[PDB]
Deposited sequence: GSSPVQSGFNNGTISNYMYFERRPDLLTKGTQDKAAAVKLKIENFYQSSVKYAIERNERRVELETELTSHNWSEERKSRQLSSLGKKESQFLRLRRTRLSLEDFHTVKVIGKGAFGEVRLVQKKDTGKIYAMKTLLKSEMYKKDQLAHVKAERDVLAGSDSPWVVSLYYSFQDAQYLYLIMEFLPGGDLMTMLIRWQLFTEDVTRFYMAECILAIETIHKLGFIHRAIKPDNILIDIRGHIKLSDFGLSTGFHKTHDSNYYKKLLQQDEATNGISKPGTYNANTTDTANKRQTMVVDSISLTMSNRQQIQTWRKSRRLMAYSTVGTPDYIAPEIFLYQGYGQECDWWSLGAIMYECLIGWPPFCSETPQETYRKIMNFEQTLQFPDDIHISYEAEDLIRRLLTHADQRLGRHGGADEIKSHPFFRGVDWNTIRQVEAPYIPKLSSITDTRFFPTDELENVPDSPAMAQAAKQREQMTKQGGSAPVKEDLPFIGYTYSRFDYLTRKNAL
């Protein structure tokens, strides 16, 4: 039947549904081969080591069964599909603009995970280190996107800074040094976080600090500018404890991503570098020592203006509390990018400032932290502003989605904790 063929009247729901199948089948068999090819590979890896130690035949056929014990569980995994109702919600924890964050127990077993809820079609964009929150796996549905992370009961640094309103130079030295070491590590993996800020900073069971993210898919960008162009009633330290209070009671949820802690050269063109995140550190350091961030303003545009003319907008109040090495550090972190501390082969050029003489930077993780969260269970939301606002103008109103066809390697690591 030496024949031929042509398009014309396959109604574009069965035209491009063939472009999909061709893609599906190639990636399929390409991978069915890879899978089997490593299935084989690691099997013969253990069998070259069971006869590399002169072991008993009872022993090898326990190790060998332990191997396939694993192997079987893997294929059991990919077969798994889950959604909600495989999770039970405990309490709501936070809200960004895109979606909230949830303390979750998995009905299936029952653990403490962190659920981050997000929104496809609204985020356009069209590993394993002590210092950053652990992401395990993720699964999708029709409208939102779901991520599974360990839950940090320490609250956030924003929520800390409220409860204490002011850190000492010793509290702060600790928490700063912690941030350096988190930030250092992120940079060493060739990333810039570009979203360092109080609420983006998290506390574990032992009062220690870790980052939560890396600055890929958190949020938005800045409008690059805009233009607007009487009896006083104020006492001016109160003046911020007044404005700030409006930047959480009506801005934590449905946030904007406040420009404090945003270094200057970002509002300019794309011209920035790893140094970008050290500014925000100095921003932060300032905040906990003084009582607000350096450029805190009535409105965020005003804040833009200050950062841009920062050389005359940075001033330390007359509430003394700040040594000659504290004040120096913030200043050498809150300057021009190519000049800033931690720019020149830095990130430990910071550690050598005389505001530390710090711990060996080794034992730092083993040390009594200024506040160990006093916890009452494994589901203690006590450290969270568990008040509820719940206004997300998405409202689309009224076991799908196989969560993984992963690789073996991620199966081990995620099994070695889950």
Non-modelled portions of the deposited polymer sequence, in sequence order: 1 to 17, 144 to 158, 262 to 297, 467 to 488
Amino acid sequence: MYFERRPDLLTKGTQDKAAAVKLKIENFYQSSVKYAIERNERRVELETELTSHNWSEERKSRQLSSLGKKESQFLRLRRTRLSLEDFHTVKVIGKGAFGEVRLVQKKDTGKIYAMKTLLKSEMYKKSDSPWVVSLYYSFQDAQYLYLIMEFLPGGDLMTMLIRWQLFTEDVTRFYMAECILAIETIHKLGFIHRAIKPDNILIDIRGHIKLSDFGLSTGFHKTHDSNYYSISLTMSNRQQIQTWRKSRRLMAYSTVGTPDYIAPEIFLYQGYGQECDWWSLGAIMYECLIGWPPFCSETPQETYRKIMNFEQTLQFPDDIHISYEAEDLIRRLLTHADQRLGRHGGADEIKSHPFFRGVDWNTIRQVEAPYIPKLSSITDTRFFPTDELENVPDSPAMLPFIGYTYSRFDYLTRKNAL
From here on, numbers count along this sequence of modelled residues.
Stretch with the greater mean C-alpha B-factor as recorded in the entry, comparing 115 to 123 against 340 to 348: 115 to 123
Mean temperature factor over C-alpha atoms, higher-scoring stretch between 134 to 142 and 186 to 194: 134 to 142
Member of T255, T234, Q274, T172 with the greatest C-alpha B factor (per the PDB record): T255
Top Cα B factor in the deposited entry, candidates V104, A97, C179, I307: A97
For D225, the third of its chain into which the C-alpha B factor falls: highest
Where the record places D108 (Cα B-factor, split into thirds across the chain): highest
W361, C-alpha B-factor rank within chain (lowest, middle or highest third): middle
Cα B factor band for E85 (lowest, middle or highest third within the chain): highest
Among modelled residues of the same chain, the CA temperature factor third for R248: highest
